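**Student:** Give the three-dimensional model of this entry:
(one chain, ligands or ions: 2)
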Amino acid sequence: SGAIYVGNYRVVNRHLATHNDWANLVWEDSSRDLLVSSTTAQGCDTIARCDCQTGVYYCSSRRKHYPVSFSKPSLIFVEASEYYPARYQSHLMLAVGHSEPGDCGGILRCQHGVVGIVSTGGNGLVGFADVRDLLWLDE
Ligand SMILES: CSc1ccccc1CC(=O)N1CCC[C@H](CCO)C1
Ligand SMILES: [Zn+2]
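**Tutor:** Numbers count the residues shown, from 1 in each chain. Ligands and ions are numbered 1, 2, ... in the order given. For reference, the structure is listed below:
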């Protein structure tokens with residue numbers, strides 16, 4: 001679990017969004033596993049605006065942060081589950097690093113700020129949904 005709070009917005013994994021998130025929906029993209037809902041309070045997370053391929057992510061299944069090298073956002077494969085059937089996930093970045101179910105929502109950060117959130121992973125790999133292209137989160 002986990003979310004990003006920037007201004008009057010809450011960014012969560014679309015498969016983990018609550019009834020409240022859907023009742024205050026701003027934007028969602030099933031292919032990206034993202035959903036953004038509105039909030040009454042002001043968020044202070046800084047979104048990174050860069051092309052970094054190194055950063056640190058929080059791994060709840062180990063209560064630890066890990067440094068990782070990650071790929072550029074791209075279209076990659078995901079099987080099925082209570083949430084989606086096989087499809088290409090867009091805007092996804094992979095890194096070699098520990099993850100298993102429950103780890104979705106952990107933040108990936110670089111020196112410039114928030115890069116993305118854990119969304120998938122498998123056999124020793126972890127997948128992050130990028131948020132750096134969503135320029136409207138700041139305005
Ligand atoms: C860190 S998730 C993980 C890691 C290792 C193993 C298994 C998982 C769970 C997982 O991969 N999924 C269930 C939730 C939806 C995911 C796709 C989202 O577009 C797929
Ligand atoms: Zn950066």
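
**Student:** is it true that residue 78 touches residue 90?
**Tutor:** No: the criterion here is Cβ atoms under 8 Å, and residue 78 misses it with residue 90 at 10.8 Å. The way it works is simple: take the backbone N, C-alpha and C, and place the C-beta from them, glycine included.

**Student:** Grab the nearest non-local neighbour of the residue of the chain most remote from its centre.
**Tutor:** Note on the chain: the largest C-alpha distance from the chain mean falls to residue 40, namely 21.7 Å (Cα atoms, centre = their mean). Nearest non-adjacent residue to residue 40, counting by Cβ to Cβ, 6 or more residues apart in numbering: residue 8, 7.5 Å away.

**Student:** Which residue ranges make up each domain of this protein?
**Tutor:** 3-44, 45-139 (CATH domains of a matching chain).

**Student:** Where do the strands of the chain begin and end?
**Tutor:** With DSSP state E as the criterion, the chain has strands at 4-13, 25-29, 34-44, 54-59, 64-69, 74-78, 87-96, 107-110, 113-122, 125-130.

**Student:** ok, the most centrally placed residue in the chain to ligand 1 distance?
**Tutor:** Centrality entry for the chain: nearest residue to the mean C-alpha point is residue 117, 2.3 Å, by Cα atoms, centre = their mean. Distance of residue 117 to ligand 1, computed by Cβ to the nearest ligand atom, to the nearest Å: 10 Å.

**Student:** Sounds good, over and out.
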